[PDB]
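Here is the structure we will look at.
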Amino acid sequence: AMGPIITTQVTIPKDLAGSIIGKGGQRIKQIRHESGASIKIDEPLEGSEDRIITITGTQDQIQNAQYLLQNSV
Amino acid sequence: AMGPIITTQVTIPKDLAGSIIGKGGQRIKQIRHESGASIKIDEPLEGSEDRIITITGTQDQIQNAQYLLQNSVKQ
Amino acid sequence: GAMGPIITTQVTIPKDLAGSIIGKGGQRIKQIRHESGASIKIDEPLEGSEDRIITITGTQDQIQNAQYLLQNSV
DNA sequence: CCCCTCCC
């Protein structure tokens, strides 16, 4: 059972965002295709050190994506 | 034919660095993406009004980057 | 009227052209470094390639001086 | 205008 598409957000220290994205964005593109989740990384907010990541998919896809995001860091 | 990855440095007056970087760094992000060069702007340094920019890529990337840098300041 | 930071610039040259920069017994390049005051290093050609990288280190003036002298060599 | 493996 897939269940519904849901959206989850988390923040990431901006210092660490390059690890999830990777040179030429390869690593995030890989995370999106492997997990099947939509993954958005916002620009860092106004004078702040947090960057919001939005993950959208079934619960499994989102749990898949959270692991792949962890393994990146 | 891309050729070797090389590094060039130039300086800018520190009072011009804002035009290049942009609010929340958006302009410089755009310049890196578009030229495909790595572009690093150093902090202040200590005492002086010059700020070093390091550009790394193929010769075309670096030339592409130098135009986009100039386009940021001029306009 | 103000020298500024020592900075580094690289440019490539066709390998077939490097003899002109160097001179017999490395004398033209020696002359280029003393003249401009820039430090100038020419790498060995990278594998499978026609290009040699030249690294010039100095202030902006020294580097521009060196870039002219390199050009006048060719 | 202050970013920084920078993707969409």
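Below, all heavy atoms of this structure are taken into account, side chains as well, without hydrogens, waters or symmetry copies. Letters go in sequence order (proteins before strands), and every chain restarts at 1.
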Find which nucleotide of DNA chain D each of B:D15 and A:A17 is nearest to by heavy atoms, and output the residue with the more 5' nucleotide. B:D15
Determine the interatomic distance between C1' on D:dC1 and the same-named atom on D:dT5; round to the nearest Å. 23 Å
A quick test of your reading: do over 12 heavy atoms of other residues, nucleotides or ligands sit less than 6.0 Å from CD of C:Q60? yes
Of the options D:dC7, D:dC1, D:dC3, whose atoms approach the side-chain atoms of A:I21 most closely? D:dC7
Atom CZ of A:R27 and atom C1' of D:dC6 are separated, to the nearest Å, by 15 Å
Among D:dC3, D:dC7, D:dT5, which nucleotide has an atom closest to any side-chain atom of A:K14? D:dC3
Judged by modelled atom types alone, do B:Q30 and B:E34 share a side-chain donor-acceptor pair under 3.5 Å? yes
Rounded interatomic separation in angstrom, taking NE2 from B:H33 and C1' from D:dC3: 16 Å
If only side-chain N and O atoms count, and only distance matters, is there a donor-acceptor pair under 3.5 Å linking C:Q10 with C:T55? yes
The side chain of B:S19 is closest to which nucleotide in this list: D:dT5, D:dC7, D:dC1? D:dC1
Which nucleotide sits closest to the side chain of A:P44: D:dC4, D:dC2, D:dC7? D:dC4
Grab the CD-P distance between B:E34 and D:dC8 for me, whole Å please. 13 Å
Quick check: any donor-acceptor pair below 3.5 Å linking the side-chain of B:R51 to the base of D:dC2? yes
Of the nucleotides D:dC6, D:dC8, D:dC3, which one has an atom closest to the side chain of A:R32? D:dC8
Does A:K40 put a side-chain nitrogen or oxygen below 4.0 Å from OP1 or OP2 of D:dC7? no
Here the gap from A:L45 atom CG to A:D50 atom CG, rounded to the nearest 0.5 Å, amounts to 7.0 Å
Distance check needed: D:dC3 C1' versus A:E49 CD, whole Å only. 11 Å
